[PDB]
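Everything below concerns the one structure shown next.
Keep in mind that the numbers below use all heavy atoms, side chains included, and drop hydrogens, waters and symmetry copies. Counting begins at 1 with the first residue of the sequence.
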Amino acid sequence: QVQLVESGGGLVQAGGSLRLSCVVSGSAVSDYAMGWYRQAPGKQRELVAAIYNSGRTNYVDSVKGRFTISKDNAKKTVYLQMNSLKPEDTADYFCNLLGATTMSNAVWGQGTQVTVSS
């Protein structure tokens, strides 16, 4: 069984910042591209940022210049620095192998909660 353990959420005012982290067992982080996803209540999970083994990063338009994804292969950890937080960023955040949303039966962690207040 794969364990995905997410941390770093919080309640912040608009404009604040958080750093998420996800530790994943097995070889996913060290060997494959990883994504950070978010799910607002009653909505489906959506990819927000991706980190490839090359070091390339890709961000959805709404987070470009605010969020930064990275992964430490040795520590099997993926990070998401979240700056300049906006109310639209409120959601539960999850990390996974890139493409996991295409699999009906993908295992997800519990995620970490991010709330951006006024």
Side-chain angles (χ1 to χ4, degrees):
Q1 171 182 340
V2 181
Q3 264 296 7
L4 304 88
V5 180
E6 290 115 337
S7 183
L11 300 102
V12 181
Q13 296 272 80
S17 69
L18 293 166
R19 180 184 299 176
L20 312 189
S21 58
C22 186
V23 184
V24 183
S25 61
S27 60
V29 173
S30 38
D31 299 341
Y32 300 100
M34 297 294 292
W36 272 101
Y37 297 81
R38 66 185 179 193
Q39 185 171 44
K43 309 272 192 167
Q44 190 55 241
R45 299 201 172 88
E46 76 193 35
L47 180 67
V48 301
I51 178 71
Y52 299 85
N53 287 343
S54 62
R56 184 164 63 89
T57 55
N58 191 77
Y59 300 98
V60 297
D61 285 343
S62 73
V63 311
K64 281 185 182 68
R66 302 192 297 116
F67 293 8
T68 304
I69 188 172
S70 60
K71 70 175 178 157
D72 181 326
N73 291 344
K75 298 194 72 166
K76 302 180 184 303
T77 303
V78 192
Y79 299 100
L80 191 69
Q81 180 71 31
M82 306 170 84
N83 289 331
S84 300
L85 275 162
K86 297 175 168 186
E88 70 192 54
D89 298 318
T90 294
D92 289 276
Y93 283 74
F94 302 85
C95 101
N96 223 318
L97 185 72
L98 240 205
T101 56
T102 67
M103 295 183 167
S104 62
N105 70 336
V107 177
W108 293 88
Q110 291 188 40
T112 192
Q113 295 176 46
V114 171
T115 303
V116 184
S117 64
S118 309

Assign the ring pair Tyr37 / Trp108 to parallel, tilted or perpendicular, where the plane angle (0 to 90°) is split at 30° and 60°. perpendicular
Closest heavy-atom pair, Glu6 versus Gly111, reported as atoms and distance to 0.1 Å, is OE1-N, 2.8 Å
Output for pair (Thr115 OG1, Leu11 CG), nearest 0.5 Å, gives 4.5 Å
Is it true that atom CD of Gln110 has more than 12 heavy atoms of other residues, nucleotides or ligands lying nearer than 6.0 Å? no
CD1 of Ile69 to CE of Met34: how many Å apart, nearest 0.5 Å? 8.5 Å
Considering all heavy atoms of both residues, which atom of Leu47 and which atom of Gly35 are nearest to each other, and what is their separation? CD1-CA, 3.9 Å
Are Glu46 and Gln39 side-chain neighbours, meaning at least one heavy-atom pair lies under 4.5 Å? no
Polar side-chain atom of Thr90 near backbone of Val116 as donor-acceptor pair, under 3.5 Å: yes
Report yes if some heavy atom in the side chain of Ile51 is under 4.5 Å from a heavy atom in the side chain of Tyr79; otherwise report no. no
Atom pair CD (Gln13) and OG (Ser118), whose distance is rounded to the nearest 0.5 Å: 7.0 Å
Near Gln113 CD, under 6.0 Å, is it more than 12 heavy atoms from other residues, nucleotides or ligands? no
Is there a path from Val48 to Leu18 through hydrophobic residues (I, L, V, M, F, W, Y) whose side chains come within less than 4.5 Å of each other? yes
Check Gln1 against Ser25 and note the closest heavy-atom contact, atom names and distance. O-OG, 4.1 Å
Side-chain heavy-atom pair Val78, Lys71 within 4.5 angstrom cut-off: yes
Taking all heavy atoms of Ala40 and all of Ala91, pick out the closest pair and write down the distance. N-CB, 3.8 Å
Between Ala106 and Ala100, what is the shortest heavy-atom contact and its length? CB-O, 3.5 Å
Nearest 0.5 Å, what's the SG-CZ distance between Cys22 and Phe94? 10.0 Å
Partner of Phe67 by side chain to side chain contact (heavy atoms under 4.5 Å, CB included), out of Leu20, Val60, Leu80: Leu80
Is a side-chain N or O of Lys43 found less than 3.5 angstrom from the main chain of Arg38, in a donor-acceptor match? no
Could you tell me the separation between the CG atom of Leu85 and the CD atom of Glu88, rounded to the nearest 0.5 Å? 10.0 Å
Side chain to side chain contact (heavy atoms under 4.5 Å, CB included) for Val29 and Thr77? Distances and angles first, verdict last. CA-CA 7 Å; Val29 173; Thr77 303; 6.0 Å; no
Any sub-3.5 Å donor-acceptor pair from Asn53's side-chain atoms to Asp31's backbone N or O? yes
So, taking the atom named CZ in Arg66 and the one named CD in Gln81, what distance separates them when rounded to the nearest 0.5 Å? 12.0 Å
Sorted by chain and residue number, the ring pair (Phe, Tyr, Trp, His ring centres under 6.0 Å) partners of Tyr59 (sequence neighbours excluded) come out as none
Treating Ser117 as the side-chain partner and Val12 as the backbone partner, does any N or O pair qualify as donor plus acceptor under 3.5 Å? yes
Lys64 bridged to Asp61 by N-O distance under 4.0 Å: yes
Residues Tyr32 and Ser27: closest non-hydrogen pair is CD1-O, 4.0 Å
Strictly distance-based, threshold 3.5 Å: is any side-chain N or O of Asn96 a donor or acceptor partner for the main-chain N or O of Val107? yes
